[PDB]
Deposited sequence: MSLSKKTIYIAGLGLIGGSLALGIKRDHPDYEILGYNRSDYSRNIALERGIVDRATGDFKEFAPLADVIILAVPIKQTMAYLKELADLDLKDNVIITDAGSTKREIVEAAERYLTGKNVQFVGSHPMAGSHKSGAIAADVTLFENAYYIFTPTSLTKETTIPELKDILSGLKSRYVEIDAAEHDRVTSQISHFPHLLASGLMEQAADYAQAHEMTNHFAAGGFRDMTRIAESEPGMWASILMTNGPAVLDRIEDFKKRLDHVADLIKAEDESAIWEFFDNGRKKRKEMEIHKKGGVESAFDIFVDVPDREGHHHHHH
């Protein structure tokens, strides 16, 4: 079997190793525009054959995994629709958002005898390391282009990831990830943005900050590009969390203005319980 992985970055590289783990007879083809990193993946043998010309290996792959930024993923989906691929080949994504990518794939590959399903492999705590996806969720999002045999096949191909499979509607995935990941990042960056500006007029901001602030802002220190692209392709859900969050803030603001201490007390107590309720 031949697998074409477009990406070879952190995600694409780890997916590569993870697949070889218990499938050392598969031919792994990779694509990467940067020469430098493409050659590294060739020494370390992350992939067998590589190219800087996406369409070069597309036609000879039984399964295609797009592991590049969301924007590039949809571009390649459309671009894949015009090449002559293998009959009924399996193609997947790797994006943090699902909805839009799935629509793009249905719009361009519908009518072309291909197999497609959405994919979101949630990484770990973090150069590929086959360990990256262990015990984390590998999420499948069914698409009109998903054939009843598509997912079972990938589950076998990806067994080396030691990941935990789950399937969910694309739209729901976006709503859920918005609530516990995308909106959270937005708040982190926002808090930091806030505290830094404030440090300018209140210089001790830089000195009194402690563990709470540190934990409230770490994810703010993460690759910008990817998070900008995520907010772009999941704006509706994130906008709804923003509007909902503002109301919650006004509610607490009201309570303070109303000097209602028992209410604020209940406010935090409910937070502590729910935090433990898991």
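Missing from the model, by position in the deposited sequence, are residues 1-5, 132-136, 289-317.
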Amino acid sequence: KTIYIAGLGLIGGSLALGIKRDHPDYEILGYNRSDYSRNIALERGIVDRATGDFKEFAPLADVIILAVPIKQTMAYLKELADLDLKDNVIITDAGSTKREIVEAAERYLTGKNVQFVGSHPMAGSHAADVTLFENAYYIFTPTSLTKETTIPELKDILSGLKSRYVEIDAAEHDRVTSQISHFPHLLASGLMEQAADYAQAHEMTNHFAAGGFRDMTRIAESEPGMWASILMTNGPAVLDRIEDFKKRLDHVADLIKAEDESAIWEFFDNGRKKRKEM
From here on, numbers count along this sequence of modelled residues.
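Stretches 30-38 and 242-250 differ in mean CA B factor, with 30-38 having the higher one.
Comparing 114-122 with 77-85, the stretch with the higher mean C-alpha B-factor in the PDB entry is 77-85. Comparing the C-alpha B-factors of 149, 189, 178, 96 in the entry, the top value falls on 149. Out of 108, 183, 208, 138, the entry records its largest CA B-factor for 108. Looking at the C-alpha B-factors along this chain, the one for residue 228 belongs to the lowest third. Per-chain ranking of the deposited C-alpha B factor places residue 10 in the middle third. When the modelled residues of the chain are ordered by their C-alpha B factor, residue 154 lands in the middle third. The deposited CA B-factor of residue 66 belongs to the lowest third of values across its chain. Sorting the modelled residues of the chain by their CA temperature factor places residue 129 in the highest third.
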